[PDB]
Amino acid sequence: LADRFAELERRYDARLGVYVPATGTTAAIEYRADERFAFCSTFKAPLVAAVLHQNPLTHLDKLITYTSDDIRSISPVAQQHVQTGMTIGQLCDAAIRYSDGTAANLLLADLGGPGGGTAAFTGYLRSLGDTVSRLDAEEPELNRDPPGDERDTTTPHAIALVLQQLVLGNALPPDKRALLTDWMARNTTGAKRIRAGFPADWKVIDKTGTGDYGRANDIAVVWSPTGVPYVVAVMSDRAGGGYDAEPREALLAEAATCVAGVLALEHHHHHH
């Protein structure tokens, strides 16, 4: 499997990171799993969890008003609601399902105040036991750090273990967990990434990220046809093409297909 991942790297002129936690019946899949990769938009999923965790559900109804001046990144939903505002719930929906950058920046401000949202988001991760990941900038600046800069980075290992706690563990109470899970289930931006690697009878929920230097990520929770869950983090960059290097979604689809092939393949022994 490491040889297969390395061939993907060669063919796409890319660096690839993959983590699938071990289960009671499957070994971990790890490739560059402790190397740092930029979060890009993948942070927006645990950001929603942070806001959910810290507030009653009634906080979802709170209307947030903002201006055209706050729209400094790709914001499909915030541009449509600029004049009338968005509720915290609508911001969470957008941040996940449309990867809305303004929605994310507003959620950061909700969590930590104008100056404090990136620290506060980082602190949510620390509260989950993740000492590795860090967020230093808001959208769109967090997509732009050079290769090797530790700012705005996670690892496939760290982000998968965070997503595992949020969706499969007890980091969130059930009603809040269900909101997070449904927003990720109904994500619109991930058809060509992890989802493309799994058979249609597997449930996939995900959150993508894309950035400069050819960055393309996807983090997912999947469930087998009988409800057995796994977590899948795939991260990539193409730093050799420079700042405007083309991301390659098909690299993530291929890495996910490799993963799915292993997870779905059973091993009944023959009679002898």
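The first residue of the sequence shown is number 1, and the count goes up from there.
Visitor: Can you tell me whether 77 to 85 has a higher mean C-alpha B factor than 160 to 168 in this record, or the other way round?
Guide: According to the PDB entry, the answer is 77 to 85.
Visitor: Identify the stretch, either 245 to 253 or 17 to 25, whose C-alpha atoms have the larger mean B-factor according to the entry.
Guide: 17 to 25 has the higher mean C-alpha B-factor.
Visitor: When you compare the CA B-factors of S236, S224, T42, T65 as listed in the entry, which one comes out on top?
Guide: Max CA B-factor in the entry, restricted to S236, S224, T42, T65: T65.
Visitor: Checking the entry, which one of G129, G123, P147, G190 has the top C-alpha B factor?
Guide: In this record, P147 carries the highest C-alpha B-factor of the candidates.
Visitor: Give the position of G240 by CA B-factor within its chain, expressed as the lowest, middle or highest third.
Guide: Highest third of the chain for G240's C-alpha B-factor.
Visitor: Lowest, middle or highest third of the chain for the C-alpha temperature factor of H59?
Guide: CA B-factor rank for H59: highest third.
Visitor: Using the B-factor values recorded in the entry, state whether the Cα atom of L108 falls in the lowest, middle or highest third among the modelled residues of its chain.
Guide: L108: CA B-factor falls in the lowest third of its chain.
Visitor: Using the B-factors in the PDB entry, rank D218's C-alpha atom against the chain and give the third, lowest, middle or highest.
Guide: It belongs to the lowest third of the chain when residues are ordered by C-alpha B-factor.
Visitor: How does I71 rank on Cα B-factor within its chain, lowest, middle or highest third?
Guide: For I71, the deposited C-alpha B-factor lands in the highest third.
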